[PDB]
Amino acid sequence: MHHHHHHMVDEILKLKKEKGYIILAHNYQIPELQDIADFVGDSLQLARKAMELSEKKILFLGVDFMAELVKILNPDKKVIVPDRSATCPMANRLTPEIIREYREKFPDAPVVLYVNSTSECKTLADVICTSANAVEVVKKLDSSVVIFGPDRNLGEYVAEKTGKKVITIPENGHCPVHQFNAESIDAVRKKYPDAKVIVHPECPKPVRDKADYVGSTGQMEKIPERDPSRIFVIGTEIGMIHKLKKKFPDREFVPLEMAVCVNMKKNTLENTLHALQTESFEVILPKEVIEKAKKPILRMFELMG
């Protein structure tokens, strides 16, 4: 890397060791930040890993609902973030008011909230799910009808796999990063006839349908353990390409299209250094939010394994 960035990385690691921080980074952080992190993964993987740590201070590198997820499950640890504006546009479009409107219209349908959702919305969820476990969570629920949000694509995917009725909220709730074009897959089928295409379930239906595999980032990681393909084309955010290439240096990983989450890219070497220097910004939740949000997480845990 550029020599100046090297010096920033060195000072970041000096400060985190000095001040007793563990650094957690999401799969979609820039490579330089994945590289300095102690652990890199999806939101739940990170929140759970943190629960095993003896350190009491976490520098979280991702977006707000994820840092808050870490805080909800590690409420006695100090969690900081470099940029308080780093957020999830898809998650923020669902509001507690919208959930309320739907609970009343469909009083016998459990509210299943994807982990990509604001902490406030989680207080009103019956159960949380991840993109990896959503299908099995919904299958295990006794109701044949669920309210599901905030992603319409994941909801629709769940409906296909479970055969249950899924009422997705809010209307056209989606992730823009995962809105790949189906013709991009057609182009890879011609270019790389032996490559396997793996996409996220937040992708739209004709993208999912043309893929060899549909899975969460955690699932993408595991696929090349068993699949012997030399080339994987990956339908998710570009940060995952770095993660995959590091894990499987013997294969190639091609992004299906260049997809960048602007909010994820808000964290930089500069503001990560500043966060360790100043130990800001702390993630602080009202007690009511930590307790209420935690219940549908715990319920997910109960249903799932």
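Residue positions are given as counts along the sequence shown, with the first one as 1.
**Student:** Determine, for stretches 77 to 85 and 143 to 151, which one has the higher mean CA B-factor as deposited.
**Tutor:** It is 143 to 151 that shows the higher mean C-alpha B-factor.
**Student:** Which wins on mean Cα temperature factor, 282 to 290 or 9 to 17?
**Tutor:** That would be 282 to 290.
**Student:** Just to confirm, going by the entry's C-alpha B-factors, which of 228, 173, 235, 215 comes out highest?
**Tutor:** In this record, 173 carries the highest C-alpha B-factor of the candidates.
**Student:** Highest Cα B-factor in the PDB entry belongs to which of 178, 189, 208, 71?
**Tutor:** That would be 189.
**Student:** Based on the entry's values, in what third of the chain does the Cα temperature factor of residue 42 lie: lowest, middle or highest?
**Tutor:** As the PDB entry reports it, the C-alpha B-factor of residue 42 lands in the middle third of its chain.
**Student:** Just say lowest, middle or highest third for the CA B-factor of residue 258 relative to the other modelled residues in its chain.
**Tutor:** Middle third by C-alpha B-factor.
**Student:** Would the CA B-factor of residue 103 place it in the lowest, middle or highest third of its chain?
**Tutor:** It belongs to the highest third of the chain when residues are ordered by C-alpha B-factor.
**Student:** How does the C-alpha B factor of residue 222 compare with the rest of the chain: lowest, middle or highest third?
**Tutor:** Middle third of the chain for residue 222's C-alpha B-factor.
**Student:** Lowest, middle or highest third of the chain for the C-alpha temperature factor of residue 164?
**Tutor:** Highest third, going by the recorded CA B-factors of the chain.
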